[PDB]
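In: Show me the folded form of this:
(chains A, B, C, D, E, F, G, H, I and J)
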Amino acid sequence: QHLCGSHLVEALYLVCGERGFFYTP
Amino acid sequence: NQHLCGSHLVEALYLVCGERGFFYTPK
Amino acid sequence: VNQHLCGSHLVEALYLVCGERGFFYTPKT
Amino acid sequence: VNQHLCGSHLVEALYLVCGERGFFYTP
Amino acid sequence: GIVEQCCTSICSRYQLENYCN
Amino acid sequence: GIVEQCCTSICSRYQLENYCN
Amino acid sequence: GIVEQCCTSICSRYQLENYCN
Amino acid sequence: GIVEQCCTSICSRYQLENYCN
Amino acid sequence: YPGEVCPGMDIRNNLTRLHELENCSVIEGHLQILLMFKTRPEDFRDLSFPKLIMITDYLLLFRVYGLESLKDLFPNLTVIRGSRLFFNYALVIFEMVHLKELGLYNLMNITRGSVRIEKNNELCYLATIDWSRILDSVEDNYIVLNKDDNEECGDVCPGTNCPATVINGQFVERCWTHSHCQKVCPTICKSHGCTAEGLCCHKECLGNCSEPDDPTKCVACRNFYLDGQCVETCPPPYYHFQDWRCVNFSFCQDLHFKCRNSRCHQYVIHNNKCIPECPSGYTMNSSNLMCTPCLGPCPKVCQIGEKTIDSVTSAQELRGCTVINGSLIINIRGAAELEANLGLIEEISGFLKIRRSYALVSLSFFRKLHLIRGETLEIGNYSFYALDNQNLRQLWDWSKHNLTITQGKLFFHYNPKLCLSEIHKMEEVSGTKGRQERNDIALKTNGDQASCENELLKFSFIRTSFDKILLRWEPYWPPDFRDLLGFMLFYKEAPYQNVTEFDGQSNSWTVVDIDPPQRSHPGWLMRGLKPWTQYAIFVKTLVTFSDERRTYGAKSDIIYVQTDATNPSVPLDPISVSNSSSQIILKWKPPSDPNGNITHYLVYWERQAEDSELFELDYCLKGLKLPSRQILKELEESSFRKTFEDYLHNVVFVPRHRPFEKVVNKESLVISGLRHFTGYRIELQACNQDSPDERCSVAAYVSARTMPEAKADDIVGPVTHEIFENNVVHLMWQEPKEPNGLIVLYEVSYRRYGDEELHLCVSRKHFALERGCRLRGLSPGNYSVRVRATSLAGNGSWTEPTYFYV
Amino acid sequence: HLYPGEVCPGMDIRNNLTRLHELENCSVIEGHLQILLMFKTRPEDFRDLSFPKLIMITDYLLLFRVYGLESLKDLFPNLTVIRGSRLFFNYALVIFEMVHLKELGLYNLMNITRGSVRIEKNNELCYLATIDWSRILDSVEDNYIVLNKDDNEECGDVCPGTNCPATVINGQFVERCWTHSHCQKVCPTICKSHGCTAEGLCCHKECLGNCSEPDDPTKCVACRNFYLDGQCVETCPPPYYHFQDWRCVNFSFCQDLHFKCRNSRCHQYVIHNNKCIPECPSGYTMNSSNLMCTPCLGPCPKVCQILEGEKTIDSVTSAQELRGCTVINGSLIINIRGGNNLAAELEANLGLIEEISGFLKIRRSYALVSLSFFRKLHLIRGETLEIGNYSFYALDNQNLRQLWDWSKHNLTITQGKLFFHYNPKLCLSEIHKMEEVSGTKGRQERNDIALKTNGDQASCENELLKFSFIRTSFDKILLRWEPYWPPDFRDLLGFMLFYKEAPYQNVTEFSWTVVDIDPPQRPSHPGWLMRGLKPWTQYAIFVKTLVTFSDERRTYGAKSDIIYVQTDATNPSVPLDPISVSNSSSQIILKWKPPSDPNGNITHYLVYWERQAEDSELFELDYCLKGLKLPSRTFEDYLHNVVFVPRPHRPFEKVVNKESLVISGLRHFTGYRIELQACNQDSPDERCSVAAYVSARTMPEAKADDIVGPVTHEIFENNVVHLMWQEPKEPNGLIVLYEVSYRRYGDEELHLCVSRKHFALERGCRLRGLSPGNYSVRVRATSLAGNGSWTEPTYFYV
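Out: Residues are numbered from 1 along each chain as shown, chains lettered A, B, ... in the order given. See below for the structure:
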């Protein structure tokens, strides 16, 4: 419940950032 | 990004590190 | 503790227990 | 008559066959 | 014995007096 | 997708690293 | 390790204190 | 120090990684 | 249009993929720039795509750090056709930091959709944008949480030049950047576009044009594009494609073939359009892609050619499919949802396999299966494969169900509860008597727990009552009569005539255990039935199998029995309303339990006598207000008893009347010829039998009163009075003999000249004994008499004023 | 006491009573008594026939189809104890298919040393439930008394209570009676089997059942251990050897018995260990001169041959003939079609055997938990293999768990092939261990050892899984366990998760809602989430592995230990049973029950009360016009889903620990609005349920409606009187009207109304048309409660 909204994308960027975000190729 | 201060700091450390571990010393 | 502590819950509880003194968390045993 | 005799039916059939002379037993 | 003769197979009236005096 | 995993339900760092390359 | 005590199993404050600096 | 660097000043992911095992 | 067609794409995580747009002119899709973090403003100042002109679907911008202005990214974007809208939005800019101005000065028209701009804390230059001059629906825009409504950041309109119009009530200049104006065409150039002097272009130009009134110079086409020319419709032999251009048959066929052998939008031609799919009632042909009307329903072919089934979701894509152009290997490790998604399949192009499916008692859900080619054969050249099916009992009702396999052997192994008789029926139904080989079907593993010996049990006597039914069938005895533990009686209501045991493991199949007969036919009597209901009943025997699981049990064919009828239930909700002074409308509801075919309804109505106490109560006093109206344990027990008996036998022996109406085919009635304001008691019954001693329910009571006459409480008749010598008046009046029910009393208001209107009450007893009223001691002068008849309906009409001089 | 009578060897009686005379002098029977097949007999043939001498039976008593017999009390009135050395199908006393029999009548029968009692198929038999077998049989679990009259009807029982002791059977005391005339004698619990006299004095230590003079071996009716010259003794004194486990005989008797067999057709007795044993065990051979058998200096076992090499074991009496055997020249098939355990007796009878020339077969043995009773089984030669060239056979054993204990046991099978089928609790690990230890690995073909049937209801995963992440929430529990991979990854087919609610810690192994988890795609911890879980409830969860046949390999899957995790608390449910009654004008009693779903340990209750505002229309309505009956009282989520894809202050108080509330300081006969809530958390951001509403009004007082103050009058010239009385500004709620009852002296009395607006606007009431005279006016105020006291009569003159 704490992670949804802008906090979601911020946290998801924290756990990543160099690997990037997967997308269907 | 805006600075997180408090338990959010250790939450961000855990998110960034994960299983690698970290040394959190507010000395 | 009343319930199981894992991941972010574990690190947050360890933070609250250790306080200002600080701690180190290395899950990889 | 011929039939599968077993259970109390077998006892009744065997008593119809014999009982005026008695059942056999090893002395 | 006897039951294995009469309930499994079929006993004729000849096979029954073998149990008789 | 991600919203039902993390906001509606409980999600941990495992899901977040799952959502990355 | 800490996980084998508090994650897989249960813990209390006394043995949780052992991980502070 | 962690506390002043990430409380009085904004912190980047690089700063957090330098204090990671 | 110098440039490619550029099917829609997205760019993430860096600007390295941004270079893929270098040789591009038009986007035949959606363009997404999102999730960009490791970027700096130095990475965007030297990057531009002037060749880009128009976008078909939409443009999404979301979380691109370092971007400050789009005026350099897209200096020539002009049209957002919006064929497919991202959440009914054609342009979304969400959560951009460092972005300060739009900069899309060439954006002119948006065919459909809306614009959402939100959470841009540093974005300015929004007050100088006239969305009504670009969009066609400005009431759906959602432009909030920006810097304009939170602060007062500078908005430099290059007046000195930029046109100024009114948005709500004030004239504000319209401009895009600090150096560009929002061009407004003359009102005559509604959609053609205007040149430097502001002259209308061709009828097909949209947005901008190099030369006015020339279809060969339009920057964007309003309707369709072809060979550098904008046309209103595609001439033959060109079909409209993607609602914006024209193309011949060769390219559309090439796209279809490319989709045939790939992962897609298999393209078809219909009404001169390469729509993604044929609409309802149509089907493509092999020779031509025409969407000819196969029929309302169509061969619904679904492409896959191997796929496993394990849950409802894995079977969701199979819903509505009729032909599977592949193979099915269903492995449900778990019923109604299976019959919902599947069961419409008629033909499978390959092989069908059932493996270790725990929760499938039978394959009845495959209702419409009729044929299988089996062109692709499972390993071992098997078309139908069954293995380790635990609870599977019956494949299909082969009495009616037709199934044919074009080729392929049969595999049946390790099915504990599948009677071998069904496997035998497989080859006689599918015509595969000699298509198999040895060891193809397991003889010792199939049907290890099935007493499908079914010694035909025939019913001998059936007696039916309105609630109880008694059955009697021919007794059965296995060769060893001790083995018959007892019968099991099954029954369940069967409105249809096609019911066999088909349920999961679950079933209703109300079962009652019957002890074996004491050695008279066994029989059994039933309780708690529903009258006039069809029932399905069959009997099976419970026996103890021998060492080699030789059950040799007995079964009874499913019989259908229909219990007789009885007196029906009470009709529901009888409403009686007075729609007129002499008319009553009666309406009711059908009975809960018809208990047979209802023939008619019985209705009674009786006049209600009014309260006699009202005829004797005085209302002239105070109180004038007028109310207006398990098994293995038992098997082992039996075997233990039998074993002890056998041991003993071995050891011991040594071988040396009221007005009524019959409502038929109706639920309402109308009653006429009833006095006004007359109470009535209504009796209503339902009957399912008319000639032979009608079966009817109990009486249903509802009370009704007719409407009172509006001219029944009015007093009619000349009022005659008598004067005494001492000025005493005797008043008599003729009451309305037919009043609204009854008249409680009369009100008299007399006023002498020069005085006020008095009042006086005459009670029923007073009116009877005095024949009206008797006033004594009258003051000299001229009086007046007015009498009003107050009935249960209310006050009536006053009498004529009786003037007399005293 | 002595035994006046002969040894009287056990006999059989058939078809007529001509042979009953042979028991005329029999006081003890050294064998079995079988009276059966009595067809042409009438009840008048048994009244005059009795055998009071008979006391103790060694083996058993068989009664089968004896027509015309109604009671055994006239037959064996002094039958006390049945030793049961040799049973009849593990039963020491059987009454099978007895017609016309009504009651047993063995009132003097006390103990049955070994065996059980089976009474079956007697439709006329009563007085069965009225016997306490516990004091008769040391173990009653193997009794079988069904298909009788007592359990099929309700024939009456006459108990000689007035005497006969009553014993509780399951939860109630019932009388123990043999017949209507005699009832089950009960001895004090102190002397369990030594017996008691009539007065309760305990008999001798060697006495059994009954005795005459207590504490005397010479006065024991039945010897507990041994008998010699009318003296029950602990052991046979020298040189008297033991005989048949009940008496002692000298060397002359054993010698004579041995010699009578040589010159006859047998049981040629020998002597060993101070006993006259028929045949002494393996390793001993008996000499030519003396009858003592000496240990040979070689391996000479006692071989027990088999009739046509096929012996079936189904009962104790079928296995006791194998007692003392070591080598069997035949094949044993073990078939205990039971439902009760017999390993205790089978261990004693069997288990001394080593070799088996034939094969071993287990068929339909329902109660065999394990084959451990073969204590000394080493070799199975299998010379005469079972059909199909099988040496070991196991088929349809509903409870076979372990074949042996391979850690400490040894085995060797020379020939033949194994066979296992339909063993629902014998998993494949034990079968493979046996096939490895025996040495028959390369002997069986396909389908010799069934894989689906063997141990399908068992669980011997023998490999451990660990939960790497446990997380709880309001209604959801998230789990992840470490990946598992057998040698071939294609063998694994998924994980089955079993979870079931369990408030208490103690939970067994192996209800149990099952969830299927697909195998992970090949870090990648499989994991699962549960939804629809009621809060604040402990749950027991474990995970199981699903694998393939593993016939060529030896993969047995894995399982995890049971984990107990409880979901967290939340908002509780609506508090239940709200009632609001007033016991006093100032006190309101409130009773409420805790909510249906506490959803956490309830801490304290929250309640708020406040005064309602009365209806405005109550003040501007006419209260004497007839009808005066006064009532008595998303775009963000869409974008995130599309973009990201996964790779493959009212008065109140805190009521604590109390359900009953009384509220003071309240206005009398005035309603109040009460809303009640339950809270399971108080200090850390107090969490409470939704408000439960209730309203109540206090009962009225007795003096609020009464008008206070004297009556004031004013009169004009036209004799029009305005009357005044101060209203009770603090009434029972409010006053709706006033009644003016004025009378003329010597005349009738009239009444008039004073409504609220009439009194307020007209500064009171004004009476018009009042003649001169002495009037009397009493005023009553009608409030929402009722009628107040009338004012004093208003005496005035106009």
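In: Looking at chain A, which residue is nearest chain G?
Out: In chain A, the residue that lies nearest chain G is residue A:15 (18.6 Å; C-beta to the nearest C-beta). C-beta here means a position set from N, CA and C on the backbone, and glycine is covered the same way.
In: Distance-wise, check residue I:336 relative to chain B.
Out: 44 Å (C-beta to the nearest C-beta, to the nearest Å).
In: Excluding chain neighbours, what is closest to the residue of chain A closest to chain G?
Out: residue F:16 (4.4 Å; C-beta to C-beta, 6 or more residues apart in numbering or on different chains).
In: tell me the secondary structure for the spatially most central residue of chain A?
Out: The centroid of chain A falls nearest to residue A:12 when counting by C-alpha atoms, centre = their mean (2.3 Å). For residue A:12, the secondary structure call by DSSP: H, G, I helix; E, B strand; the rest coil comes out as helix.
In: The closest residue to it other than its chain neighbours: what secondary structure?
Out: Excluding the flanking residues, the one nearest residue A:12 by C-beta to C-beta, 6+ apart is residue F:16, at 5.4 Å. Using three-state DSSP, the secondary structure recorded for residue F:16 is helix.
In: cool, and residue I:603?
Out: strand.
In: one step back: measure the residue of chain A closest to chain G to chain C for me?
Out: From residue A:15 to chain C the distance is 11 Å (C-beta to the nearest C-beta).
In: what's the answer for residue I:214, then?
Out: 65 Å.
In: For that residue, give me phi and psi.
Out: Phi and psi for residue I:214, reported as degrees, to the nearest 10, are phi -150, psi 110.
In: burial of the nearest residue to it once chain neighbours are set aside, as a residue count?
Out: Leaving aside its sequence neighbours, residue I:214 sits nearest to residue I:202 (C-beta to C-beta, 6+ apart; 5.4 Å). Counted with other C-beta atoms under 10 Å in any protein chain shown, residues neighbouring residue I:202 total 21.
In: likewise the one 10 residues further on?
Out: By other C-beta under 10 Å, the residues close to residue I:212 number 19.
In: what do you get for the one 5 residues further on?
Out: As a burial measure, the neighbour count of residue I:217 was computed by other C-beta under 10 Å and equals 17.
In: What of residue I:368?
Out: 12.
In: State the distance from it to residue I:323.
Out: Here the criterion is C-beta to C-beta, to the nearest Å. By it, residue I:368 lies 11 Å from residue I:323.
In: Give me the common contacts of these two.
Out: Shared contacts of residue I:368 and residue I:323, defined by C-beta atoms under 8 Å, 6 or more residues apart in numbering or on different chains, comprise I:345-346.
In: returning to what we had before: quick one: residues contacting the residue nearest to the centre of chain A.
Out: A:21, F:2, F:16, F:19-20, J:644.
In: isn't the residue nearest to residue I:214 right next to residue I:212, touching?
Out: Yes: when contacts are counted by C-beta atoms under 8 Å, residue I:202 is listed as touching residue I:212 (7.4 Å).
In: Quick one: name the residues of chain I near chain E.
Out: I:479-480, I:646, I:649-650, I:653-656 (C-beta under 8 Å from any C-beta of the partner chain).
In: Restricted to helices, list those.
Out: Judged by DSSP state H, those include I:646, I:649-650 as members of helices.
In: Just the buried ones from the residues you listed?
Out: Buried members of those, scored by 16 or more other C-beta atoms under 10 Å in any protein chain shown, are I:646, I:649.
In: Switch the ones in helices among the residues of chain I next to chain E over to a markdown table; also include distance to chain H.
Out: Formatted as a markdown table, those follow (distance: C-beta to the nearest C-beta, whole Å):
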| residue | distance to chain H |
| --- | --- |
| I:646 | 78 |
| I:649 | 83 |
| I:650 | 82 |
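In: For stretch I:447-460, which outside residues touch it?
Out: I:393, I:415-421, I:471-474, I:476, I:521, I:539-541, I:543, I:545, I:549, I:551-557, I:559.
In: any chance you could map the helices in the chain?
Out: Just so you know, I chose chain A. Under DSSP H, chain A gives helices at A:6-14.
In: ah, I was thinking of chain I
Out: With DSSP H as the criterion, chain I has helices spanning I:249-260, I:336-341, I:420-430, I:631-652, I:764-770.
In: and for the second one, what are the contacting residues?
Out: The set of residues that contact helix I:336-341 without belonging to it, under C-beta under 8 Å, 6+ apart, is I:312, I:315-316, I:318-319, I:332, I:365, I:367.
In: cool, and the fourth one?
Out: Contacts of helix I:631-652 from elsewhere in the structure, counted by C-beta under 8 Å, 6+ apart, are D:6-7, D:10-11, E:1-4, E:7, I:480, I:482-483, I:485, I:544, J:36-37, J:64, J:88-89, J:94, J:96, J:118, J:120, J:314-315, J:337-339, J:364, J:366, J:398.
In: on that earlier part again, could you give me the PyMOL syntax to select whichever of the contacts of stretch I:447-460 are buried?
Out: Remark: buried members of those, expressed as a PyMOL selection using 16+ other C-beta under 10 Å:
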select buried, chain I and resi 393+415+416+417+418+419+420+471+472+473+476+539+540+541+543+545+551+552+553+554+555+556
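In: Pick out the residue of chain E closest to chain H.
Out: residue E:8 (80.2 Å).
In: returning to that earlier point: dump the contacts of helix I:336-341 into CSV; add neighbour count and distance to residue H:12 as well.
Out: Output for the contacts of helix I:336-341, formatted as CSV (neighbours: other C-beta atoms under 10 Å in any protein chain shown; distance: C-beta to C-beta, whole Å):
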residue, neighbour count, distance to residue H:12
I:312, 14, 47
I:315, 20, 49
I:316, 11, 45
I:318, 18, 50
I:319, 15, 50
I:332, 20, 52
I:365, 17, 59
I:367, 16, 63
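In: Give me the number of neighbouring residues for the closest residue to chain F within the stretch 1-150 of chain I.
Out: Nearest residue of the stretch 1-150 of chain I to chain F (C-beta to the nearest C-beta) works out as residue I:13 at 8.2 Å. Residue I:13 has 22 neighbouring residues, counting by other C-beta under 10 Å.
In: Can you tell me how far it is from residue A:21?
Out: 6 Å.
In: How about the contacts made by the closest residue to chain H within chain A?
Out: Taking C-beta to the nearest C-beta as the measure, the point where chain A comes nearest chain H is residue A:17, at 5.4 Å. By C-beta under 8 Å, 6+ apart, the residues touching residue A:17 are H:13, I:37-38.
In: Try it again at 7 Å.
Out: For residue A:17, the contact set (C-beta atoms under 7 Å, 6 or more residues apart in numbering or on different chains) comprises H:13, I:37.
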